[PDB]
Amino acid sequence: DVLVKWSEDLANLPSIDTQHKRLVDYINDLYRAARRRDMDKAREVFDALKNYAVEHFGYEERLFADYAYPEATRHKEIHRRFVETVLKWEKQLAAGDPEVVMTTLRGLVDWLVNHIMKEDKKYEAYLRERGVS
Numbered sequence: 004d005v006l007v008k009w010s011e012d013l014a015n016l017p018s019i020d021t022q023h024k025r026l027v028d029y030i031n032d033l034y035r036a037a038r039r040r041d042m043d044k045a046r047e048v049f050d051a052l053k054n055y056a057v058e059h060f061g062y063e064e065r066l067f068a069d070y071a072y073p074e075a076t077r078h079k080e081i082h083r084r085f086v087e088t089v090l091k092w093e094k095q096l097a098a099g100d101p102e103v104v105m106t107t108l109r110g111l112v113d114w115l116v117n118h119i120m121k122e123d124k125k126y127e128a129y130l131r132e133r134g135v136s
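Everything in the sequence shown is counted per the entry's author numbering, starting at 4 for the first residue and increasing by one.
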């Protein structure tokens, strides 16, 4: 059905969950397109994923600034570094085929799931206390 199922340990603030769920959905759409050997669709999905990640990082960072999250600086750098990675992957998909998409999923899933589980989880308690959700 899907490559990445939504497990309960990924849970965070309600609003944050709506965006993280979108990212996971994009990953699954990307996998399905690659599995179908539909490269045109794969590139379109990756494009949407790319755009959404950039927007999502902005959303989190806005909250960090608004409520003075202590680890905002380190977290922002982590986001920026991933955007660089995504832009590199974009070029590889532009020149490659579905096999390249699958290979890319290895690093894409590893980074996203780990980021949500480790780095993003660190701001939940802090933000909740400040009236965020």
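Heads up, the beta-carbon is just placed ideally off N, CA and C, and yes, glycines get one too.
Asked                                                                                                                                                  : Found
Between the Cα of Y126 and those of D20, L6, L96, spot the shortest distance and give me the residue it belongs to.                                    : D20
Contact defined as beta carbons within less than 8 Å: I believe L96 pairs with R25. What is the distance between those atoms, to the nearest angstrom? : Their Cβ separation, rounded to whole angstroms, is 20 Å, which puts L96 and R25 out of contact at 8 Å.
Kindly indicate which residue of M105, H23, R35, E122 has the alpha-carbon position closest to the one of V57.                                         : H23
Count Cβ pairs between the stretch 92-107 and the stretch 25-43 that sit closer than 8 Å; are there 3 or more?                                         : yes
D123 to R84, Cα distance in whole Å?                                                                                                                   : 15 Å
Check the C-beta distance from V89 over to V7 and give it rounded, since I have them as a contact under 8 Å.                                           : Incorrect: roughly 17 Å between the Cβ atoms, too far for contact.
Does the distance from the CB of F67 to the CB of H78 come in under 9 Å?                                                                               : yes
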